[PDB]
Each structure stands twice: as structure tokens, then as C-alpha cells.
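Alright, two takes on the same chain below, each alone as C-alpha cells: structure 1 and structure 2.
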Structure 1
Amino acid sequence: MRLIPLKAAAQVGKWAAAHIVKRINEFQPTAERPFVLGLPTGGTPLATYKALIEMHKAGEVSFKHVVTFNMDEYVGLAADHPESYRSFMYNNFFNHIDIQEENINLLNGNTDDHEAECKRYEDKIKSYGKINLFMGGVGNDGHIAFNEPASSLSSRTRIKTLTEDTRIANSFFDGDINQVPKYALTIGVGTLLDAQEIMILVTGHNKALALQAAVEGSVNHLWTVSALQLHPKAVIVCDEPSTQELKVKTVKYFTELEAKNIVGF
């Protein structure tokens, strides 16, 4: 597994954005052969989204034939509610680019059969063959999306009960827990692993235990992210604060192995 050690989150976002553009332009997407991109939400990928937008503004990439899949959506919340995952993506990304409505895919949190909605999504992915690049972040406990630790590595898109901790964390909702959704639809670990490439963004001191588990730890189902060690092409892009629990030699190792790719970041 690749590690990209950078100093600040801003550089992480730039490197991640540069990496996404590199892959799009090498792929040469067309209407028949779209580039298929998996996408996350939250504070971490936000620097990436703004780097991408400016790169697009500068004429360095088009999303006209890029198809996207997001990892998550709240169950029960209006799609156009400002706190929906859909809203996060449109207001922080899609609205700023030349992406096409038909090429955007998000889980529908408000159908009358969650199982069927989750299956529809998996089928849609499979209809393109394979996700070309999947971006994500990682929980403090190494989890991915709303998949619990000890999630099966072959787990698929399904409904998840939000943890008590997550719910009180997300109390955007007028400081009210009763308004926070109890369930989310989320992609599975197997759904993730099926991507041709996985790129995980890791920033902040709070993720230091998770990075250690992912980089120096061994394959362990309690730290879901460590499973990427078995994936054919996986990248982690990280900042200096997230490296605190690593050995000095570990950082030295990857900083030098990736030296050529770190230049200009």
C-alpha cells in the first residue's frame, strides 16, 4: 500500500486533486466510456474538492464524462435538505463544475425498500463494470463509510444504524438529537474493495491511531482500513499531524520512496 506523507491538509487536498485529474486525463473518458469516480463527504475531502474546482476553472480537466458514486446518504431526510449528503456534494462540488445530472449517482434515503434501493445502486455501479478510482476518508477507529469495525470485507451496500456517538456529534440539527437521523444507507467494504483504485485521505492528529493500524499494523478486521493492504492499488495521502503514532523510519521510508511524486506539494 502507498503512503504519501505531506505536511499540511491543504497539500493533501492538492495532491489528491492532482491525482484525480491525472487518472481522468490518462483514461480519456467519452460518452461510451465514462470515467467512474467514487466520492466521500466531510471536512477532509473538502480541500480536494476546492482544488479540483480551480483546476477545472483553469481548464485542466472536464467532468462532462465523469460518472460519480457517493458512499453515503441519510435515511428519512429530504434530498434537498441542506444537511443531506446530496446537498453537501452539490453545494461543495457538482454545482461548480461541468458534470452532467445523468452521470451523478447518490443513494436514495427515502424509498419504500432500502434493500432494493441498495441493490439498485450496486447494480448501477456494476452496469459500468468497475469504479475506476474511489476516494475516501477513515474513521478514528479505522472504519470506512458507515461500516462498523469487524465489518465483513465482502459486505455490500446496506442500511446502517448510526452510533450514539455519531448522532450526538452531528447535533447541524439545532443542537437537537431528536432531529438527527437514526439510519444511513452506505456502501459496503466489498463495494469499496471492488474499485480498481482506492485513495484514502487522512488528516489531523485524531487519525494517528488509524494511520498506524493501516500502515504499520497487520491485516485486522477491527481496523477496516488495514484490509487495503490486500487491495491491488491503494493510496493513503496524509498530513504530518496524522503521522504521530508512526515510527520515524516509517515516515522516512515513504517520504523518500515517493519523493518524485511529492515535489511541488
Structure 2
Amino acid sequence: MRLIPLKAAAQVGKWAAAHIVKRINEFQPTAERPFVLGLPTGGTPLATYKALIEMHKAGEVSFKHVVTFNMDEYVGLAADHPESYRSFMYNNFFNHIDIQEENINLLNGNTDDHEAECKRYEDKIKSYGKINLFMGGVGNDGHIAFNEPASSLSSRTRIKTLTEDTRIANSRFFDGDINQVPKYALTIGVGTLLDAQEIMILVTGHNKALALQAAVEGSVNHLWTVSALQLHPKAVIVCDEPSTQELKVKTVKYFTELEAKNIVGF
């Protein structure tokens, strides 16, 4: 894997946005061959989305032939709720770029058959072959997507129960009221994520330091599903200095020296 150790969250967002634009522009997407981009919600990717919007306004990237898949959606929360992941993606990203409505893919957490909706989603991914780049965050508890501790490391898309830790963290988007946070979510699996050609996980803040330690220094295990990135041929973690607090000094030095020429501009 690559670990990109940057100083501040603003730089993580600039690096991630530049990496997405690099992959899209080198791919040269068309209607017949779209670039397929997997996307997360949460607080971590906001700077990346804002950077991508500005790069599009400057004519540096077009999303006209970009197909997107999101990692997850809350179960039982109204789709037009401002904190649904559908609302998050339109308000923070889709409404500000030249993406096509038919190229947006989202999970519906309010159908009468969660298993059929998750299978529909997997089938739609397979209709494009592969996801070319999947961006994600990481939970305090190590999850990627909502693959909470003790998730199968070859799981597919399914309903999952959010941990109390996840719901406490996400309550900051519900006026700090954990009773407003949904208890379940539909989420792509660890196997679904590993099927992508490239995975880029953004990690910012001291709250994620134990998760980053598990990802980088820990072994492969189902309690910290971010550790599954060790199995993937093309995984990138982009992190800020507060997220490194639980790593060894030699670990940060190793990756800082490896990436020196790739971070000196950020």
C-alpha cells in the first residue's frame, strides 16, 4: 500500500482531489467507456469535494462520463432528510458538477426488500465491469463503508447494524442527538470494496489514530476492516498529522521518506 503523510486535512483534500482528476483524465472516459468512481459521505471528504468542484469550474476535469457509486445509505431515514446520504451527495457534490443523473448510483434504504436492493446495487456495479477508483473514509472503530467490527472480509452489499461508537460520532450531524441517528445502514461489503481497481482512504484527525494504527501496523482481522486494504493490489491511505498519533515514529518516517517527492508540493 501507499501511505501519504500530509500535515493538515486541507492538504489531504487537495491530494485526494488531484489523484481523482489524474485517474479520470488519464482514463479518458466516454459514453461507451465511463470512468467508475466510488464515493463516501461523512465529514472527511468535504474538502475533496470542494476541491473537485473548483477544478471542474476551472475546466480541469469533467464528470460528464463519470459513473458514481456511493458506499452506503441509512435505513429508515427519509430520503429527503437533509442528512440522508442521498441529500449529502447532491447538496455537497452532484448539484455543483456536470455529472449526469443517469450515471449516479445510490442505495435506497427505504424499500420493502433490503436484500433485493443490495443485490440490485451489486448487479449494477457488475454491469460496468469494475469500479476504477473507490474513495472512502475510516470509522473510529476501523470500518470501511459500514463494515463494522466482526464483518466478513469477503462480504458483499448488505444491511449492517451501526455500532454505538459510529452512532455517537455521526450524531454530530443530528444536533448531537444520538436518538436521531439511524440504527442500520445498507453498505457495500469488504469484498465489494476490494473488487475496485484502486482504493483511496482519507484519514484525518486524532479520533482516527487507532484506526490508522490498525490499518498500517496491525494484522489482517475482521475487527478493523480497514486492515483488509493490506490484501488489495492498489490501496492508498491519505492522512494528516493528527491521525498518526498512535503510529511508531519509524513508521511515519518510513512513509514520509518514501513519498517525499510526491508530497513536497502539498
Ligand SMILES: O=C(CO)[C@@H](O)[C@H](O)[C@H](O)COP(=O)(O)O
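Structure 1 provides the reference sequence; residues are numbered from 1 along it. Heads up, when I say rigid core I mean the largest set of C-alphas that superpose within 1.5 Å between the two forms.
One chain, two forms displayed separately, with the form deposited with the named molecule bound being the second of them, structure 2. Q179 is the only residue from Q100, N92, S152, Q179 whose Cα shifts by 2 Å or more between the two structures, the rigid core being superposed. With the core superposed, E164 shows a C-alpha displacement of at least 2 Å between the two structures. After superposition on the rigid core, the Cα of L77 moves by 2 Å or more between the two structures. Aligning the rigid core leaves the CA of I24 displaced by 0.3 Å between the two structures. Taking the core as the reference frame, the CA atom of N110 shifts 2.1 angstrom between the two structures.
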